[PDB]
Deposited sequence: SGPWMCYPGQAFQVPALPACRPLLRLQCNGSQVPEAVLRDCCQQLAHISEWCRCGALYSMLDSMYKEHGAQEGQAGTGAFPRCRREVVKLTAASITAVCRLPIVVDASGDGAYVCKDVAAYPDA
């Protein structure tokens, strides 16, 4: 498993929270804020990148709205594909199947 606090820093992905708040209502995202988020994702292993994003999303909602001018549905869809916009692959599960997209995050707060 990907243990919060060691597979990835907690609070998870500080650089990616400002990215998600811009993206979820279609604002323009500066290159620097995209770059910093992706650099932070890059350091986490392929196996744990979706876990870090799940933790981040859960933290934002549990602190909280957490996402001004953003719809619930598009928020969790945007968080689930940040790793795609970074062109960072993830491994879907124990098979080693790869993808660019986090389905567990897209189904938050369940999967």
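> What ranges of the deposited sequence are left out of this structure?
Missing CA coords at 1-4, 69-77.
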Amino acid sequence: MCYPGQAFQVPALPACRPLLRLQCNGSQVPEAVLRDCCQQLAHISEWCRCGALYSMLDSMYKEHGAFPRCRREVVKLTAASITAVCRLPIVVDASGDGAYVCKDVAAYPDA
From here on, numbers count along this sequence of modelled residues.
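> Identify the stretch, either 55-63 or 24-32, whose C-alpha atoms have the larger mean B-factor according to the entry.
So the stretch with the higher mean C-alpha B-factor is 55-63.
> Would 92-100 or 5-13 have the larger average of its C-alpha temperature factors, as given in the entry?
Averaging CA B-factors over each stretch, the winner is 92-100.
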